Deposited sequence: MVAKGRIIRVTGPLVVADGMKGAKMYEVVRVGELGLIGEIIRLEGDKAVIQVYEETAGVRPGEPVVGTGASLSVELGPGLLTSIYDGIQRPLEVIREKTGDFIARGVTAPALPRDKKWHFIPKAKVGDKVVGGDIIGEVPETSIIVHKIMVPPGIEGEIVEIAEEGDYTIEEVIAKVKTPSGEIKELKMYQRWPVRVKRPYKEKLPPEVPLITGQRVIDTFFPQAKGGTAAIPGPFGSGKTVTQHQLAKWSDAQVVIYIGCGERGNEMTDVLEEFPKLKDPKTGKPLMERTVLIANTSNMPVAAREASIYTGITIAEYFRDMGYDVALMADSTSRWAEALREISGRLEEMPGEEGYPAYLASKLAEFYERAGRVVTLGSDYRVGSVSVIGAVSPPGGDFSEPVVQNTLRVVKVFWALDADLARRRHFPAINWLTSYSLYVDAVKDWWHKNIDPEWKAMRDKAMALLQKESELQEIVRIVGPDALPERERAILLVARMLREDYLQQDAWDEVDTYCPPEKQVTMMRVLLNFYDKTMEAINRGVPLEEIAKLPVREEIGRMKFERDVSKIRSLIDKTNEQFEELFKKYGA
């Protein structure tokens, strides 16, 4: 229902992308013009990558080296965090005949010449151009297998994102109702963040214009912008550029994955229109809803972990987290349905949970991840052989709690058996001691994989001992008051995993005494 491609719409890709703040068409901040329709339009002002800046170029190749598209011919330290890798653009191959020496150069300088097989000489710069609407090529899209570690317990355990995977999360990123969205940006083990911030004037002038060039990258000490590219998506810009933005972003992200980096693309969305600008502008025309659904599907299809172009075996990824914000908070709308149809992960940020101050406000019954089986082996091999068994078991606990609560909604709690009360006690411990995480605490703001599984073992072991105890006639009141219980509640604030781990033996001992006091 749109039978056409484009009219030359591209991005520049080379040193100077980091720290930059662009609009939907890679044009720097405060530069204001128009665009419309299916093909190109007009412009005048700004250049994408700084033309005056001097970048330090370390050569990686020597005259006589055979190269191919994607081969790394030099290094440029772009920020204190990120070394930029200079790449033979895709579709170019041959022998290096001319290569720059260790030196300082602007991005327009030729740093290499490549004699193609037929004899043609090609001139290479530190940057390249790429049409945002064609996916940058690669050798092989690898199947989902390694998780993107966010350090958020509820996500990493129950609703994992794979590196190169696709995830959706409710509402605008700028919501002050939740901080998980920000945790994702700063703690995910992607080296580079491509952020598409969509900010509507009101309670937010923009998606904090100044706090971002001041927000700390907690992994290094330097600011997050030194490993970030910000694309702004505001109301004061043409709706055509807003539309183009996620293609600008993902192309840039693909470019970084091509270097061997893991990249996280976060695409913000707003309660703006949906039904406006559709079938009829405002049948007569033709059926149309389906078409843009597949346009969005193809965009999400551009996420992935790849073997990159190049002579060396090299892997990079683009992981996509897309915000979802339906016109009336309906979540039956088209925007939600279309997105949820292609994404493999949905993290159900939940108002009721936020109201109750259960943080990470992620609803553990309505969230999902189709990557669980895909990542289990990474967990089993590197972290804990029982990872998968332990999460399934914990989810079963939470499912059971849910069913029990529904019945208690109908008959009250008075006829609850000790067993059911025991399940509720441990499900409560799961919710409070594991699902909940303190984003504001210097220790609990991030939870290494190692600590995640140890915390889960402590809890599941308390569960086993509890059900055993109940099977031996130990009253639940005694168990509810076991001293270790209170220690288990505070383990998320412990930095030393071995002290956490020791809660296991301590749990075992306390229950043994309880077996001495009864049997």
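**Student:** So which bits of the deposited chain never got modelled?
**Tutor:** No C-alpha for residues 1-63, 346-350, 588.
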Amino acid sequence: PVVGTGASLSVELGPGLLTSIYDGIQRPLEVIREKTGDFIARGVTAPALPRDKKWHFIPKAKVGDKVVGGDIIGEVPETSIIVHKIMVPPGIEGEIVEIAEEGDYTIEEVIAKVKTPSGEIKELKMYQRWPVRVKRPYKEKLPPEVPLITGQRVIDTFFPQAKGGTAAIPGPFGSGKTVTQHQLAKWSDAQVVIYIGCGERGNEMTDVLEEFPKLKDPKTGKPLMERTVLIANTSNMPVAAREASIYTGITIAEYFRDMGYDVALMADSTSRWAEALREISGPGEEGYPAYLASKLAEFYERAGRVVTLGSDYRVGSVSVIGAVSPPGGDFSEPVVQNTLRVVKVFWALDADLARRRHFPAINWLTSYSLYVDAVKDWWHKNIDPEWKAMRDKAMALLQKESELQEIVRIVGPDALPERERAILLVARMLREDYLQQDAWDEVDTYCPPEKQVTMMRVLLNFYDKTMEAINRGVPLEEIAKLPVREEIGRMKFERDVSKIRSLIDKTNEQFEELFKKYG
From here on, numbers count along this sequence of modelled residues.
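**Student:** Averaging the C-alpha B factors as listed in the entry, name the stretch that ends up higher: 69-77 or 153-161.
**Tutor:** So the stretch with the higher mean C-alpha B-factor is 69-77.
**Student:** Return whichever of 287-295 and 416-424 has the greater mean Cα B factor according to the PDB record.
**Tutor:** Averaging CA B-factors over each stretch, the winner is 287-295.
**Student:** Can you pull the Cα B-factors for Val411, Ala276, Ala351, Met126 from the entry and say which is highest?
**Tutor:** Across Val411, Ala276, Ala351, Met126, the entry lists the biggest C-alpha B-factor for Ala276.
**Student:** Just grab whichever of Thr180, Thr166, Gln399, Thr220 has the top CA B-factor as deposited.
**Tutor:** So the option with the highest C-alpha B-factor is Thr220.
**Student:** Relative to the other modelled residues in the chain, which third contains the C-alpha temperature factor of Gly171: lowest, middle or highest?
**Tutor:** Middle third.
**Student:** Per the entry's values, where does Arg27 land by CA temperature factor relative to the rest of its chain, in the lowest, middle or highest third?
**Tutor:** Answer is highest: the recorded C-alpha B-factor places it there.
**Student:** Can you tell me whether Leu13 has a C-alpha B-factor in the lowest, middle or highest third compared with the other modelled residues of the same chain?
**Tutor:** Middle third.
**Student:** Taking the values exactly as deposited, rank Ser235 by C-alpha B-factor within its chain and report the matching third: lowest, middle or highest.
**Tutor:** Tercile = highest for this residue's CA B-factor.
**Student:** Against its chain's modelled residues, does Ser281's Cα B factor rank lowest, middle or highest third?
**Tutor:** For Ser281, whose C-alpha B-factor we compare with every modelled residue in the chain, the answer is the highest third.
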